[PDB]
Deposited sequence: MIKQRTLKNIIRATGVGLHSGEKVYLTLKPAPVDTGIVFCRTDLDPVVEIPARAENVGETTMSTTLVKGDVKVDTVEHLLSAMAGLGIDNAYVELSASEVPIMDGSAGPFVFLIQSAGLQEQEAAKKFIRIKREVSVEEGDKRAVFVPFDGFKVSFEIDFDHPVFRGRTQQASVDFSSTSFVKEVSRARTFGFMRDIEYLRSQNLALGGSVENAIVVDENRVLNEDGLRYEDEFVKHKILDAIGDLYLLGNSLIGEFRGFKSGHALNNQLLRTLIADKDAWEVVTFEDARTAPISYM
């Protein structure tokens, strides 16, 4: 069957939060069947543990932020995108500060870390959620939609357009390395308000409103929209189970992505859990 997956070994990384500029240790730990992804702030006294699910998303300014009371874990989207990408169902993530490290601005480092810990298949069927009926949410000129589709595909447009199928196209090769990005004008403002403190050309693409300022250039011709697809995959993983359907994003950010998840969850007629006792017949394959 398509089994649930966790990490083989504990693995650690160090980095800096994009927004906070704070040094943070990130420890990924194997977890048992039906755990999901749980975060653990190990700097707080007492430690605060926060499941990576839709209901725990509290703020959605420039990143997905998990909250419990007055305690936050923000910028979970790139790490969760890596998890989704490698099909990791269960893991503990222990963090020494409020923000996940930015690493190189992409999911690449996290993908490589997860693989370096080794994957461990677990003897329990992996539960997917099938989209049975179209579900969409909008607000102004933003739109977020799930459409039925026997597989998993993402199409996204921003202010430009990319479509990726995760049967034909490798998350690792074509999406994982896409770095976050910002406009100088924006970056200047955020720095003035004590934000983006961990930002640099080493973990973010910088453009004015003309050209890429990074000396070494782009990793993909359409890196910007590819990164937005990466973010949506991460935000969609807060569902807590892998999706069988097509997601269409039109200028959709963290807030509207979480709103789509909430609507889908509450609209039970639109979805159903399914497992695959035969990996050959399954619409989604992992490594």
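According to the record, the deposited residues with no C-alpha atom in the structure span just 160 to 169.
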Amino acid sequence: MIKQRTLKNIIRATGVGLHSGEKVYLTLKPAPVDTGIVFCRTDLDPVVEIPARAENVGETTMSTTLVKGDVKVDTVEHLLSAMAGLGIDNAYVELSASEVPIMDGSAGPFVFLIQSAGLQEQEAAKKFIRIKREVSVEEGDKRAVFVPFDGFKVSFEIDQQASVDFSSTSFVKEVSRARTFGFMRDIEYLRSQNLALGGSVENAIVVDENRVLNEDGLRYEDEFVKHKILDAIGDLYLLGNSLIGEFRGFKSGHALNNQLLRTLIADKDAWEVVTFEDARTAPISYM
From here on, numbers count along this sequence of modelled residues.
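Take the two forms, find the largest set of C-alpha atoms that superpose within 1.5 Å, and that set is the rigid core.
After superposing on the rigid core, the larger RMS C-alpha deviation in 5 other deposited structures of this protein belongs to 44 to 52, the other candidate being whichever of 44 to 52 and 247 to 255 remains.
Here 164 to 172 and 199 to 207 are scored by the root mean square distance of their C-alpha atoms in 5 other deposited structures of this protein, with each structure fitted by the rigid core; the higher score goes to 164 to 172.
Between the stretches 225 to 233 and 41 to 49, it is 41 to 49 that shows the larger average CA temperature factor.
Mean CA temperature factor is higher for 201 to 209 when stretches 201 to 209 and 173 to 181 are set side by side in the entry. Per the deposited record, 214 carries the highest C-alpha B-factor of all listed residues (96, 214, 106, 161). Among 89, 121, 77, 150, the highest C-alpha B-factor recorded in the PDB entry belongs to 121. Annotation for residue 279: CA B-factor lies in the highest third of the chain's modelled residues.
Ranked by Cα temperature factor within the chain, residue 189 sits in the highest third according to the deposited record. Looking at the C-alpha B-factors along this chain, the one for residue 58 belongs to the highest third. Residue 258: CA B factor in the lowest third of modelled residues in this chain (values from the PDB entry). Residue 72 sits in the highest third of its chain by CA B factor, as recorded in the PDB entry.
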